[PDB]
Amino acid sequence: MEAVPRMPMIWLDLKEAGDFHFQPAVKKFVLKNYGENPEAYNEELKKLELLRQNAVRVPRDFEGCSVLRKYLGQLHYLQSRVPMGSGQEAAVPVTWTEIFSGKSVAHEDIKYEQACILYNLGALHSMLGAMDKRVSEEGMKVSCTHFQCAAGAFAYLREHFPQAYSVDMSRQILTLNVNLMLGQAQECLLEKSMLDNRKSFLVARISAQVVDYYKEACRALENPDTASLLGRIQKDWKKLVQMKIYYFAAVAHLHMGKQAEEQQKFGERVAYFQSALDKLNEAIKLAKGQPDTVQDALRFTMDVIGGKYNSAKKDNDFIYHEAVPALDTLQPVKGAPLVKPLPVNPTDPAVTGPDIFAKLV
């Protein structure tokens, strides 16, 4: 449907993995504590190594998400049987590349490996959400769900790994990531609600919530430490987000004006369409340099809003003669949040399959 903006979306890159030489530590622990032949679990160790190699070179598709979840769970199964966390007997170095600086960061802690895999699960879902062109209802809903899965991964990471192993996984950066992913999920839902031709007040409330998520992301992007860490990524993200704040505020007030039209509140219709046009004009100024995908969405929306405002003001001036309310006298549009971080269970046997180390006890 031509009423769908189909703006481009932000995604997060996957982190690069270094070494995690767990095999010698597991073998030493088996002989020292469990008292068994340290070579008795070579088949299990080979399975986990192959799984890691697949996880750190993950295919960029839905199957890759299942690989990361499976490996994440098997790491939980290993940690429950062999103590490889911070300060524990079988801990070995884990090295991953911090994505914004490109520098290697090492911790002797299996939960660092878990954290990075969980991060990459969120990053991969964000890529799969952003890759779709969102031409069909199914593409919109699948992208929406990918962004909710991304938020869920980043939210789980933030809550259960609360001491950041590296600055790309800090609490404030993960909060930025969750809010961006929820804003993008809500934007995809908005597109579906316009494709479905839902009621104007619902479209307005859904779009108002897109604005609220992006306002929260924008505040995080203005944080000096986030800006310094992300560098030019912060400049790029902030330009897109700031433009979308005004664009989806324009869409919200366009649909409030349509609700006013449906209720024969013809003075209120002028006020909302005027506001919508002013917001769209700001979005256009903020969109300088953006790709033609952005410019086309703005241009098509200007066709709609510019014409409806002129028609509404002419109708009120010469036919209906209703008072045009000042913007501040009307009740603001309250967002309708209909997306959420989808819950993660790292040890769900449906996603982990059988425990690789079931024999080790």
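When you see a residue number, it is the position in the sequence shown, counting from 1. For the two forms, the rigid core is made up of the largest set of C-alpha atoms that agree within 1.5 Å on superposition.
With the rigid core held as the alignment frame, decide whether 174 to 182 or 194 to 202 lies farther from the shown form in 7 other deposited structures of this protein, in terms of RMS C-alpha distance. Of the two stretches, the larger average C-alpha offset in 7 other deposited structures of this protein falls on 194 to 202.
Do the Cα atoms of 158 to 166 stray more than those of 102 to 110 in 7 other deposited structures of this protein, or is it the other way round, with the core held fixed? Most displaced of the pair in 7 other deposited structures of this protein: 158 to 166.
Hey, which bit's got the bigger mean C-alpha B factor in the entry, 11 to 19 or 349 to 357? Between 349 to 357 and 11 to 19, it is 349 to 357 that shows the higher mean C-alpha B-factor.
Per the record, averaged over C-alpha atoms, which has the higher B-factor: 142 to 150 or 156 to 164? Between 142 to 150 and 156 to 164, it is 156 to 164 that shows the higher mean C-alpha B-factor.
Out of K314, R57, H321, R299, which residue has the highest Cα temperature factor in the PDB record? That would be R57, according to the entry.
Of the options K70, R52, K46, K27, which has the highest CA B factor as deposited? Each of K70, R52, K46, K27 was compared by C-alpha B-factor; the highest is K46.
Relative C-alpha B-factor of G183, binned into the chain's lowest, middle or highest third: It falls in the bottom third of the chain.
Quick check for you: using the entry's CA B-factors within this chain, is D225 in the lowest, middle or highest third? Within its chain, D225 is a highest-third residue by C-alpha B-factor, going by the deposited values.
Thinking about Cα B factors across the chain, which third does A287 belong to? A287: CA B-factor falls in the middle third of its chain.
Ranked C-alpha temperature factor of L31 among modelled chain residues, by third: Answer is highest: the recorded C-alpha B-factor places it there.
Lowest, middle or highest third: where is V304 by Cα B-factor in its chain? Answer is middle: the recorded C-alpha B-factor places it there.
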